[PDB]
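Chains as they are written, first to last, in UniProt numbering: chain A, 20 to 215; chain B, 20 to 215; chain C, 2 to 205; chain D, 30 to 251; chain E, 76 to 287; chain F, 20 to 241; chain G, 1 to 195; chain H, 1 to 195; chain I, 34 to 258.
For each residue, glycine too, the CB sits at the ideal point set by N, CA and C.
What follows is a single structure, written as structure tokens, with notes after it.
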Amino acid sequence: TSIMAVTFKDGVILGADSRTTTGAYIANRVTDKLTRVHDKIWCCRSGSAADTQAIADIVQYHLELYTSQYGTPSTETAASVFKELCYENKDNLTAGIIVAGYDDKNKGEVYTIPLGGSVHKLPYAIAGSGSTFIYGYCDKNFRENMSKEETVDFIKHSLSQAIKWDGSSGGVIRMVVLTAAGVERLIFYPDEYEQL
Amino acid sequence: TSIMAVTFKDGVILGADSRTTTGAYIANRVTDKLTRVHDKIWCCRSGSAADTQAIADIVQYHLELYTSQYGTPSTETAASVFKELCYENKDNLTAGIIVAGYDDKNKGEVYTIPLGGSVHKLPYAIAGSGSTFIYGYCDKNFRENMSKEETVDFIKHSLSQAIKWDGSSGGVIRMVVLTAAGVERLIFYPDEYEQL
Amino acid sequence: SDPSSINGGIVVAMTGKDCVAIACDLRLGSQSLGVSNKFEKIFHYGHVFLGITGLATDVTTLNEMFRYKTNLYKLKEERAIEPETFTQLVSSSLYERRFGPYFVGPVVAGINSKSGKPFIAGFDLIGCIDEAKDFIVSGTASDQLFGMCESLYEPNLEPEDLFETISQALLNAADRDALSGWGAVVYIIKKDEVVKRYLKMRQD
Amino acid sequence: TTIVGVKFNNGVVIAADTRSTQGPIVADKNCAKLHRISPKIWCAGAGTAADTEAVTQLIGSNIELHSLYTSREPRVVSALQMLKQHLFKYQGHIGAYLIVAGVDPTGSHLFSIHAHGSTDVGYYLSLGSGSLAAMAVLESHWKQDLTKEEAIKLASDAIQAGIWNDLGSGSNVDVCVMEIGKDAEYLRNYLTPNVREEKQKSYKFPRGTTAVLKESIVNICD
Amino acid sequence: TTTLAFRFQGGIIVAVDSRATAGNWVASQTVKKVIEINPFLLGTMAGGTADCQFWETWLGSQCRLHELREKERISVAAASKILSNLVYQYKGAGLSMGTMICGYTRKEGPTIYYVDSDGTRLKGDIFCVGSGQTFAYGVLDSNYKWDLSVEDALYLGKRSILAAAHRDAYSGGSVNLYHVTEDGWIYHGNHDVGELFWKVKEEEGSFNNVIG
Amino acid sequence: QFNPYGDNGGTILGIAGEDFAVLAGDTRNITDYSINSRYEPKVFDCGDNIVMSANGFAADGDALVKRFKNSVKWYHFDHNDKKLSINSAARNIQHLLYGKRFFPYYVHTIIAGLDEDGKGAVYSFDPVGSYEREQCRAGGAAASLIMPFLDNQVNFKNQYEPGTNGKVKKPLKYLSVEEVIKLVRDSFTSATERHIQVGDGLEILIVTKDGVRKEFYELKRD
Amino acid sequence: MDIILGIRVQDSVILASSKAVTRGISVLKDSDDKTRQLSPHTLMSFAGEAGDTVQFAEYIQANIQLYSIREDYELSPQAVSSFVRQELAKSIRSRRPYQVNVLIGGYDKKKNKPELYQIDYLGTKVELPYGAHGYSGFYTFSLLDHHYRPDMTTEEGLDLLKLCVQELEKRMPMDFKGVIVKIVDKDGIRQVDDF
Amino acid sequence: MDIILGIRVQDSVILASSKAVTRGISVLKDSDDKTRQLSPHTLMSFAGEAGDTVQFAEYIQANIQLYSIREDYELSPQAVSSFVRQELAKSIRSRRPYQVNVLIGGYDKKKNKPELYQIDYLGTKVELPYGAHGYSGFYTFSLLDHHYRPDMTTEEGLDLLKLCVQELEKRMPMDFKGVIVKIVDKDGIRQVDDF
Amino acid sequence: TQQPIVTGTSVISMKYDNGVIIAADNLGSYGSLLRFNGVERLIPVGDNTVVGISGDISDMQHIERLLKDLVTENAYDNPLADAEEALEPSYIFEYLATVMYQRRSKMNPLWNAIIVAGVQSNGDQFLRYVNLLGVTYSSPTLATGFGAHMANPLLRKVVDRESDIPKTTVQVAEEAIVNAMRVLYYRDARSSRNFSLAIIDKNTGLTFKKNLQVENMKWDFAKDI
Ligand SMILES: *[C@@](C)(CO)[C@](*)(O)[C@H](Cc1ccccc1)NC(=O)[C@H](Cc1ccc(OC)cc1)NC(=O)[C@H](C)NC(=O)CN1CCOCC1
Ligand SMILES: *[C@@](C)(CO)[C@](*)(O)[C@H](Cc1ccccc1)NC(=O)[C@H](Cc1ccc(OC)cc1)NC(=O)[C@H](C)NC(=O)CN1CCOCC1
Ligand SMILES: *[C@@](C)(CO)[C@](*)(O)[C@H](Cc1ccccc1)NC(=O)[C@H](Cc1ccc(OC)cc1)NC(=O)[C@H](C)NC(=O)CN1CCOCC1
Ligand SMILES: *[C@@](C)(CO)[C@](*)(O)[C@H](Cc1ccccc1)NC(=O)[C@H](Cc1ccc(OC)cc1)NC(=O)[C@H](C)NC(=O)CN1CCOCC1
Ligand SMILES: [Mg+2]
Ligand SMILES: [Mg+2]
Ligand SMILES: [Mg+2]
């Protein structure tokens, strides 16, 4: 994997490639690594496909039960549930999850949760094997309060580079836009992003 | 280490940090990883300090003996001697060397030699542990036939990022400019590059 | 210390025209040392026959266990268990010990008393059912048995001809395996008579 | 094994070869790798043979009870959810690799599950040792908006690729077609391209060839 | 393998089985485990087939060179020591051999030497070598007397291999008999265990453990 | 760590008649679960009416055959074009094999031809050079399947004269070349059914006093 | 532990068991009786891991004695052997298995027949005319294959047994300090004092 | 191999060496002489790795015999022991060391004194009144510490040696099939046939 | 004893009626890092042979030098170096096969899988494989690495046996090869989009095509998943 989530003026955008591997074999070239745990709280999944799925399913269950009793959960709350699972089962998990959501009070928020189960709230986050190759690029190019079109380009260019160098990354670039307007799914094919 | 060599209009420039480590301890914070094997053929050293030194010394000896008999060696010739040593002793070496030189016929040339001892002629090369973090940035920013000032900025900004993310890299940014004019040594201190 | 090849032994089953045959060797050893030449590996519960190869303690244990289970079956069902049903019972019982298995290679053989159809089946140590029209093999000389059966076997053999085929399959397979042999028993099974024959074979 | 699953116009089709192996030995030359979870949800299974059969029966049993409880036809996502949570719980020790497909009130579906409990979605999928041979064919010939007869052809061609090119696959091609609004049709031995040629000789022995030491009538009656 | 050779009043008996194994796979049932070095010398083979077969044939070439150079047949002691000194040079390399060098010379009389691959060399009257050696010992020791007749000694040797062939899973096939006298060795036939066992069982009344 | 050995599968089979000998071998070549070639011959005419096959690790097999073929050539040069007898070939091959006792050729070797009395001869070797003349030998991946069938049909093992109370054995007799080829073809079709590494094609080399003849037959390709 | 033998003849079962108890480079005892009487007509010899052997033997003994008192009846040798096998068959899949091999010699009073059962620590049971555990079998089985007849007397059985002990004393590496011999027949269990 | 003892008394050195040659679960021989005469008044016993023992003993024997023929003179026991030690001291740092432990019993004709040297495979030499190699020492040293006197006769030495063999036969795990005893004195080397 | 550092993935090839086709992508992988993109893994020897190499690239460059040297050495004292005594594909292969097996026998292998494709002087198609173990084999279609698992099945559908070779044209053959290269780009995680392809024809000779790209790819269905 190569995944990232980026806050901006109107909210937050999540981005991911679509490659799943079993060794050097691509088991699935059209994967959806951006998953819904709540209406406007989503996560990017990296690490073990099985572990991250099992975690996301449990979180989605917890937030559904939270909503039934206390109404819409905050993005921080969603990240805390992810953390609790990742931290308490650190010995048996290989999951690097980025949590991203949109409140109307808090706007866009991004939390990253690495292997150990620690929580880190950031303006933007990158993760997955292909993230290593774009730390330099993303630090140099990220600006706070970008527009939607700027953030889409930032993610597209970043993941394009991650995909180019990382063999464990590829396929399409999926994106999910979280704003007050709603939820928008974007897809970008090799023929576009490869020649950026 | 984080090292790089970049060809440009007037020739080639080599760049390196100055950190040497023994675990997480910095044994030398003012290292010179840019070494002279000939008047206008230099190399960047990454990997084992002892191995790369022993190789560079042998190469410098070979090129000195070459010059005594056949006159100035080409940059390709210098890279071939490095390769021969690295390839034939691949089991006992941990050396990632970038060879960079200036001919008047061939102008600036860069050859990179990774662990296996293969040779790769490129417009520019990056290597060392800290190179991983700037593949994205360098690919996006490199242009052929840059000026001296542009190339210096390209290397300075690149190594600045490599240094920022890599714990195995730091200290000063040394550079060596190879042109028809001669050899110029440049140094750039933390207070300048850190806030780029 | 490979549980399935400490004691040695083989079982083979075949189908014929309105009949089935199941055969086994008599050896029980402890690696190189031959200990017993009377150790039969075929048992029966009513008209359903079960052969078991592998670790002898488990062979004994499973026989006792399936006798136990088929006796309670018959008391509650008020009828003898059929081969297809027993096959399922064997599979369930083996998979119950999924992460601490019996080191065995069971083989079911018999004729369904209602339909009259000949039935054979094989299992791995963990319960996978292996059903076959022709033959099932098991034990330390299974490779040999596979080769013998695949070449010698033809469909719809008469009981007297089927006896010759299965016997020659077992004997020649056993003689190429160090841990199998030391005598042999063949069961010829018809709809309502079963003949048991002891074979003369080389005793080395 | 080689197994595949292919989506089409009004449903989904799955297929499989019929070889079972023990190391290099062919244990079963015509085993059934296509399993019925519910009437219109079918499974193709590769990996540990006993595990695929046992996990498919258990979830199939629980699906039937669930269907009876809810007074509803079972959904593929329920089978998928139950299988994956069972397999995940056992951390890959239950070596079941499944292609789950079927039709339900929600529509037609195609999924795969791995032993550690991860699931995929797709229009075409392949699992097992001959999945690379099969996927090569699927990647070459698949297209959007397949018909029923095109999907069957594509599926069986993908299985044939495994049969011929993978040593872990062989013998016959089983197929199951699950179309919306219709009964699922299981096509056992849909193709049989590996019939054994006539033997050169009959090895029927003269009666009396085998030396016998003892005879006795066995009592099977009470 | 099971191989034996014992000394007695009438010379030396040598008896061997004929099985070859690769794990539990019976590779052969008709292998020659006695190699005839000259008209007065025999070598028995146990352990690695290639190791035994190669080096004992080589031993035969060395013995031939001795009698060419010295104009005299090699002693059993010297012949055995050529083999033992050879395998000692390879000690640790992983050769696997249990051999017996049996023969008659004027200066020595009937003589048997045990030679193995860790360099052990022993003169003795009775030895059994191979995976089934213990089974052969059991029968041989409990029936051995120095005063056995040639007829009885031949049978005991044959019967001891049969005992081991039966009990030891890695022995079997057939029994090869040899008798070594002052006049040289005499071959006393190949005896298939397939027929020999039942013949011995019936005539002798032994092997009551087996279903008759 | 680098593993210098590999397993290229396949199986071979040698039978000797009264005035002839056959050496057969399938033409399939494999690594792991992939087919490298459907027709890669491993039974070779080495000159002097000697046919040879070294089955197992093909690189070692080819190396050995190459060295023996070369050995035959130099035998002619050094000993006035004298014909290399099958027994002398056998002894020579032992020294080839044992020369690498501590880094062995990973192959089961079989050679066939005629002895110096004109009678059919088959010799077989273990990987390090132990050898033995026989009427019959199967080698390679399916050796354990075929060999017991040969014991029964060539050497009439476990077969007694009918009605003689298991007292009189079926007498040994030489088989005709027609009968032998029937057994070879049935052996290989049986082996192809139950062994995954065996199939594609069968190539038989028949050796009489007139020379070396070849026959080819198709085998199942799954 | 180490050497335990058993021979079933016409009218009795004879068990021979070594007297040595060795630990390290010291023979701690040369008069150890490696046997327990389970019932008046049933004897069990045992060999194997230190501690386990006696602990198991006495545990079986207690159970058979408990049965005898409860039912006022002696279990058949076949029944006792089956009970013992099952205990070992349980044991082998325990956290710490009993590493004990046993021979059970008994006289069935209902059948008027001697019976010998060989059971290893895995729970592998076989009825035999003669039996042995450990390395002893590698010598004695072939010896008995030759010299044993099914219709022998107790005296003939003892001479046959002397032949086994002599062979073992000749070819076995370790000094096992002779054997204690016991006879099981219609009159119960008795020990031969001069062997 | 296994048991080799040595006792130096007033006028002689007495070496006792076990007769058993065991390999696996079979005693292959019970009359093995684990000794070589190096010179008329020097005897060497040996124990250790199979093959190595005899190969080393005979190699030393050949060298001492060569010396004797060259100089027409017998090396002193002290000189022979020093030669043997050095050969072992070389051996221990070879590619494959000799795993052989030796005792050298000799009578120095110039001094008119018996001498006993114990040398292990490392090349560790000591002169002793009594010596043993392997597990034997764990019993015999303490026994001899008690019963040994420096002025004993050859007969007293043999009785002292009988006491050692009896103790070993009682407490040692393995059957070593008795010992061959040899005496080294002013008249050379002779073997006691009835021990 | 080695471990491969910079590696090249699949090399694929097949025979057709008049000659052979061979292809390999232009990637030099450094583990999971797709390090070098201008690597040529097809090396022509003369005008009648192409050697395709996968595996360790430092060893590939060594083999390049050997072949280069072989051409030089063959020209020495050879007036027919460009005629009857030119290097045949069969000579080039046997030389490499010898070297590969010798290196494995010295426990220091050249970590490569190699396919030698060419046309003999008599017009016959040559196609044979050799690898680090010294294992050699020939077939109407040959492929290394992932190509063995994914390309061979596709190429065998065109040429399944010897008799299919005369029936196969260069257009049909090249189409299959190019299709296989696309499939490998979908499914091999260490493959690149850019590749080289070579045709050695008995009439038209050696045609070396550089900077080819995988195209006509199906990705649109991804939006629905
Ligand atoms: C990139 C592609 C490489 O890791 C991503 O991290 C990707 C994330 C992803 C994939 C699908 C859906 C959502 C998110 N991860 C994988 O593709 C993952 C690689 C991986 C395997 C095992 C790991 O440690 C346990 C960590 C990462 N692939 C898988 O999970 C595949 C489906 N399964 C296997 O490779 C089988 N594994 C099971 C665990 O043990 C090793 C073998
Ligand atoms: C960056 C700092 C991290 O690797 C560079 O690669 C740097 C290159 C350099 C340093 C000085 C002068 C010229 C070039 N490498 C190091 O600083 C190097 C790290 C390294 C150690 C061992 C390696 O494998 C053998 C590879 C890289 N540091 C050293 O060589 C220091 C001086 N020595 C040690 O750490 C002692 N090593 C010796 C080799 O075995 C492990 C312990
Ligand atoms: C192909 C044939 C594998 O090459 C398929 O995956 C196939 C799937 C299948 C499903 C249902 C019914 C039949 C076949 N799998 C097998 O045939 C499977 C191969 C296999 C076994 C074990 C494995 O390790 C987890 C992986 C693959 N065969 C079996 O399970 C056979 C029937 N049983 C055994 O081999 C039992 N052995 C296991 C080892 O211990 C001794 C007994
Ligand atoms: C009995 C049957 C127990 O093996 C005999 O010892 C028998 C002796 C014998 C001697 C000459 C001719 C035929 C038979 N030994 C064997 O048959 C022997 C058993 C054995 C196998 C491997 C060994 O290495 C530790 C030692 C002994 N069988 C073989 O040698 C078989 C035919 N070949 C191989 O196992 C090939 N191996 C040999 C060692 O190098 C690797 C390849
Ligand atoms: Mg830093
Ligand atoms: Mg036997
Ligand atoms: Mg196939």
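query: Going by C-alpha distance, which of 50/F, 48/F and 42/F is nearest residue 63/F?
result: Translated into positions along the sixth sequence, residue 63/F becomes position 44. Of the listed residues, the one whose Cα sits closest to residue 63/F is 42/F.
message: Give me, in chain order, the residues of the same chain whose beta-carbon lies closer than 8 Å to that of residue 191/C; leave out the 5 immediate sequence neighbours on both sides.
response: Looking up residue 191/C in the third sequence gives position 190. Answer for residue 191/C: 19, 20, 112 and 160, listed in chain order.
- prompt: Counting contacts by CB-CB distance shorter than 9 Å, is residue 166/E in contact with chain H?
  reply: Reading the fifth sequence from its first residue, position 91 is the one you call residue 166/E. Judged by the 9 Å Cβ criterion, residue 166/E is in contact with chain H.
field: Rounded C-alpha distance that separates residue 136/B from residue 113/B
entry: In the second sequence, residue 136/B corresponds to position 117, counting from 1. In the second sequence, residue 113/B corresponds to position 94, counting from 1. Computed Cα separation, rounded: 10 Å.
- prompt: With respect to the alpha helix (DSSP H) encompassing residue 185/E, which residues constitute its N-terminal and C-terminal limits?
  reply: Mapped onto the fifth sequence, residue 185/E falls at position 110. Unbroken run through residue 185/E is the beta strand (DSSP E), 184 to 191; no alpha helix (DSSP H).
field: Nearest-angstrom Cα separation, counted from residue 87/A out to residue 188/I
entry: Walking along the ninth sequence from the start, residue 188/I turns up at place 155. Walking along the first sequence from the start, residue 87/A turns up at place 68. If you take the alpha carbons of residue 188/I and residue 87/A, they lie about 58 Å apart.
query: When the Cβ atoms of the segment 122 to 142 of chain F are set against those of the segment 64 to 73 of chain F, are three or more pairs found closer than 8 Å?
result: Yes, the segment 122 to 142 of chain F is in contact with the segment 64 to 73 of chain F.
- prompt: Which class does residue 141/G belong to by DSSP, given the choice of helix, strand or coil?
  reply: If you number the seventh sequence from 1, residue 141/G lands on position 141. Here residue 141/G sits in helix by DSSP.
- prompt: Does the distance from the C-beta atom of residue 26/C to that of residue 123/C stay below 9 Å?
  reply: As a working mapping, residue 26/C is identified with position 25 in the third sequence. As a working mapping, residue 123/C is identified with position 122 in the third sequence. Their beta carbons are not under 9 Å apart, which means residue 26/C does not touch residue 123/C by this criterion.
- prompt: How many Å lie between residue 129/I and residue 42/I at the Cα?
  reply: As a first step, residue 129/I must be located in the ninth sequence, where it is residue number 96. As a first step, residue 42/I must be located in the ninth sequence, where it is residue number 9. About 19 Å.
field: residue 176/C, DSSP secondary structure in three states
entry: Within the third sequence, the letter at position 175 stands for residue 176/C. Residue state, collapsed to three classes: coil.
Beta-bridge partners of residue 246/D, as assigned by DSSP: Counting from one through the fourth sequence, the residue named residue 246/D turns up at place 217. The secondary-structure analysis by DSSP pairs residue 246/D across a beta bridge with 196/C.
- prompt: So which residues of chain E does residue 235/F contact, with C-beta pairs closer than 8 Å?
  reply: The sequence position of residue 235/F within the sixth sequence is 216, counting from 1. Per Cβ cutoff of 8 Å: no residues; residue 235/F is ~30 Å from chain E at best.
query: Regarding residue 121/E and ligand 4, is the C-beta to nearest heavy atom distance less than 8 Å?
result: Residue numbering aside, residue 121/E sits at position 46 when the fifth sequence is read from its first letter. Residue 121/E Cβ: within cutoff of ligand 4.
- request: Give every residue of the same chain whose Cβ lies closer than 6 Å to the Cβ of residue 92/A, excluding the five residues on either side of it in the sequence, and list them in chain order.
  value: Along the first sequence, read from residue 1 onward, the residue named residue 92/A stands at position 73. Excluding residues within five positions, the ones whose Cβ falls inside 6 Å are 82 and 85.
- request: Measure the C-alpha to C-alpha separation of residue 155/F and residue 234/D and round it to an integer number of angstroms.
  value: As a position in the sixth sequence, residue 155/F is number 136, starting the count at 1. As a position in the fourth sequence, residue 234/D is number 205, starting the count at 1. Spanning the alpha carbons of residue 155/F and residue 234/D requires a straight line of approximately 21 Å.
field: DSSP state of residue 49/A mapped onto helix, strand, coil
entry: One-based indexing of the first sequence puts residue 49/A at position 30. Coil.
query: If we count the other Cβ atoms within 10 Å of its Cβ and call it buried at 16 or more, is residue 62/C buried or exposed?
result: Taking the third sequence and counting its residues from 1, one reaches residue 62/C at position 61. Buried, because 16 or more other Cβ atoms sit within 10 Å of the Cβ of residue 62/C.
message: Quick check on residue 151/B - is its C-beta less than 9 Å from some C-beta in chain A?
response: Mapped onto the second sequence, residue 151/B falls at position 132. So yes, residue 151/B belongs to the interface.
message: If contact is defined by three or more beta carbon pairs under 8 Å, each pair taking one atom from either stretch, is the segment 240 to 251 of chain D in contact with the segment 191 to 200 of chain E?
response: The segment 191 to 200 of chain E makes no contact with the segment 240 to 251 of chain D; the number of CB pairs closer than 8 Å stays below 3.
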